[PDB]
file data-v5.pdb (PDB, C-alpha atoms)
ATOM      1  CA  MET A   1    -104.056   4.162 -37.614  1.00  0.00           C
ATOM      2  CA  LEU A   2    -103.140   5.830 -40.908  1.00  0.00           C
ATOM      3  CA  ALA A   3    -104.150   9.333 -39.826  1.00  0.00           C
ATOM      4  CA  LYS A   4    -102.919   9.146 -36.232  1.00  0.00           C
ATOM      5  CA  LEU A   5     -99.862   7.310 -34.906  1.00  0.00           C
ATOM      6  CA  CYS A   6     -99.816   5.049 -31.848  1.00  0.00           C
ATOM      7  CA  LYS A   7     -96.737   4.419 -29.704  1.00  0.00           C
ATOM      8  CA  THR A   8     -96.281   2.221 -26.633  1.00  0.00           C
ATOM      9  CA  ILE A   9     -93.772   2.610 -23.804  1.00  0.00           C
ATOM     10  CA  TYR A  10     -92.002  -0.354 -22.222  1.00  0.00           C
ATOM     11  CA  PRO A  11     -91.849  -0.839 -18.405  1.00  0.00           C
ATOM     12  CA  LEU A  12     -89.040   1.397 -17.112  1.00  0.00           C
ATOM     13  CA  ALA A  13     -87.936  -1.577 -15.008  1.00  0.00           C
ATOM     14  CA  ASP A  14     -87.199  -3.664 -18.100  1.00  0.00           C
ATOM     15  CA  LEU A  15     -85.077  -0.835 -19.491  1.00  0.00           C
ATOM     16  CA  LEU A  16     -83.742   0.022 -16.040  1.00  0.00           C
ATOM     17  CA  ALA A  17     -81.990  -3.342 -15.466  1.00  0.00           C
ATOM     18  CA  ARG A  18     -84.695  -5.985 -15.943  1.00  0.00           C
ATOM     19  CA  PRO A  19     -85.283  -8.736 -18.585  1.00  0.00           C
ATOM     20  CA  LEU A  20     -86.462  -6.258 -21.224  1.00  0.00           C
ATOM     21  CA  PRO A  21     -88.246  -7.230 -24.478  1.00  0.00           C
ATOM     22  CA  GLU A  22     -87.219  -6.590 -28.072  1.00  0.00           C
ATOM     23  CA  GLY A  23     -89.251  -3.475 -28.811  1.00  0.00           C
ATOM     24  CA  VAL A  24     -86.870  -2.024 -26.256  1.00  0.00           C
ATOM     25  CA  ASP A  25     -83.717  -1.056 -28.158  1.00  0.00           C
ATOM     26  CA  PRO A  26     -80.526  -1.096 -25.998  1.00  0.00           C
ATOM     27  CA  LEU A  27     -78.939   1.704 -28.032  1.00  0.00           C
ATOM     28  CA  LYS A  28     -82.025   3.924 -27.597  1.00  0.00           C
ATOM     29  CA  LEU A  29     -83.892   3.608 -24.305  1.00  0.00           C
ATOM     30  CA  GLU A  30     -85.023   7.198 -23.709  1.00  0.00           C
ATOM     31  CA  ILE A  31     -87.069   6.757 -26.892  1.00  0.00           C
ATOM     32  CA  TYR A  32     -89.209   3.995 -25.348  1.00  0.00           C
ATOM     33  CA  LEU A  33     -90.204   5.719 -22.094  1.00  0.00           C
ATOM     34  CA  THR A  34     -93.134   8.078 -21.589  1.00  0.00           C
ATOM     35  CA  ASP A  35     -92.684  11.439 -19.855  1.00  0.00           C
ATOM     36  CA  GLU A  36     -93.378   9.577 -16.618  1.00  0.00           C
ATOM     37  CA  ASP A  37     -90.655   7.022 -17.220  1.00  0.00           C
ATOM     38  CA  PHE A  38     -88.766   9.810 -18.957  1.00  0.00           C
ATOM     39  CA  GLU A  39     -89.145  12.187 -16.017  1.00  0.00           C
ATOM     40  CA  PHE A  40     -88.480   9.442 -13.471  1.00  0.00           C
ATOM     41  CA  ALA A  41     -85.451   7.931 -15.211  1.00  0.00           C
ATOM     42  CA  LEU A  42     -84.278  10.998 -17.154  1.00  0.00           C
ATOM     43  CA  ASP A  43     -86.234  13.904 -15.644  1.00  0.00           C
ATOM     44  CA  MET A  44     -86.985  14.935 -19.242  1.00  0.00           C
ATOM     45  CA  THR A  45     -89.493  14.063 -21.973  1.00  0.00           C
ATOM     46  CA  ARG A  46     -89.387  12.554 -25.458  1.00  0.00           C
ATOM     47  CA  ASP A  47     -90.273  16.063 -26.649  1.00  0.00           C
ATOM     48  CA  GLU A  48     -87.491  17.667 -24.592  1.00  0.00           C
ATOM     49  CA  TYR A  49     -84.617  15.358 -25.326  1.00  0.00           C
ATOM     50  CA  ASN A  50     -85.930  15.218 -28.889  1.00  0.00           C
ATOM     51  CA  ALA A  51     -84.376  18.670 -29.324  1.00  0.00           C
ATOM     52  CA  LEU A  52     -81.573  18.567 -26.753  1.00  0.00           C
ATOM     53  CA  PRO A  53     -78.111  17.258 -27.780  1.00  0.00           C
ATOM     54  CA  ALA A  54     -77.550  13.534 -28.287  1.00  0.00           C
ATOM     55  CA  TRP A  55     -74.684  13.349 -25.809  1.00  0.00           C
ATOM     56  CA  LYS A  56     -76.112  15.707 -23.199  1.00  0.00           C
ATOM     57  CA  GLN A  57     -79.398  13.849 -23.355  1.00  0.00           C
ATOM     58  CA  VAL A  58     -77.384  10.662 -22.995  1.00  0.00           C
ATOM     59  CA  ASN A  59     -75.334  12.321 -20.234  1.00  0.00           C
ATOM     60  CA  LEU A  60     -78.429  12.008 -18.046  1.00  0.00           C
ATOM     61  CA  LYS A  61     -79.366   8.457 -19.071  1.00  0.00           C
ATOM     62  CA  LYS A  62     -75.969   7.111 -18.022  1.00  0.00           C
ATOM     63  CA  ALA A  63     -76.293   9.248 -14.895  1.00  0.00           C
ATOM     64  CA  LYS A  64     -79.623   7.656 -13.969  1.00  0.00           C
ATOM     65  CA  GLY A  65     -78.710   4.221 -15.293  1.00  0.00           C
ATOM     66  CA  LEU A  66     -81.104   4.032 -18.248  1.00  0.00           C
ATOM     67  CA  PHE A  67     -78.815   3.722 -21.279  1.00  0.00           C
TER
END
call {"tool": "encode", "arguments": {"input": "data-v5.pdb", "output": "structure tokens"}}
result
Amino acid sequence: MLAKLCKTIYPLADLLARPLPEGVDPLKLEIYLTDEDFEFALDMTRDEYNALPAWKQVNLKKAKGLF
């Protein structure tokens, strides 16, 4: 808990046009989707986009429909 962090991804559906929760931030979706959801909806990973540009990374989201 204090030594290791713990994150949880929200159902891609919710963020991909479905009654999403609050943990899911509309301005930052790619941040709440695991490599699976990331690779399926963005074809990238939190560790890939984490370094890539903020617009280019977004470029894909809008292209797939995430953001």
call {"tool": "closest_atom_pairs", "arguments": {"input": "data-v5.pdb", "of": "region 2-42 of chain A", "to": "region 48-60 of chain A", "cutoff": "12 Å", "atoms": "all atoms listed in the file", "output": "CSV"}}
result
residue,atom,partner,partner_atom,distance
A:27,CA,A:58,CA,10.4
A:28,CA,A:58,CA,9.4
A:29,CA,A:58,CA,9.7
A:30,CA,A:49,CA,8.3
A:31,CA,A:50,CA,8.8
A:33,CA,A:49,CA,11.6
A:34,CA,A:48,CA,11.5
A:35,CA,A:48,CA,9.4
A:38,CA,A:49,CA,9.4
A:39,CA,A:48,CA,10.3
A:40,CA,A:60,CA,11.3
A:41,CA,A:60,CA,8.6
A:42,CA,A:60,CA,6.0
call {"tool": "closest_residue", "arguments": {"input": "data-v5.pdb", "among": "A:26, A:63, A:32, A:21", "to": "residue 9 (chain A)", "atoms": "all atoms listed in the file"}}
result
A:32
call {"tool": "atom_distance", "arguments": {"input": "data-v5.pdb", "atom1": "CA of residue 5 (chain A)", "atom2": "CA of residue 62 (chain A)"}}
result
29.3 Å
call {"tool": "resolve_selection", "arguments": {"input": "data-v5.pdb", "expression": "the PyMOL selection byres ((chain A and resi 16) around 10)", "output": "NGL selection string"}}
result
:A and (11-15 or 17-20 or 29 or 37 or 41 or 61 or 64-67)
call {"tool": "axis_aligned_box", "arguments": {"input": "data-v5.pdb", "around": "region 40-57 of chain A", "padding_each_side": "4 Å", "output": "lines of an AutoDock Vina configuration file"}}
result
center_x = -82.5
center_y = 13.3
center_z = -21.4
size_x = 23.6
size_y = 18.7
size_z = 23.9
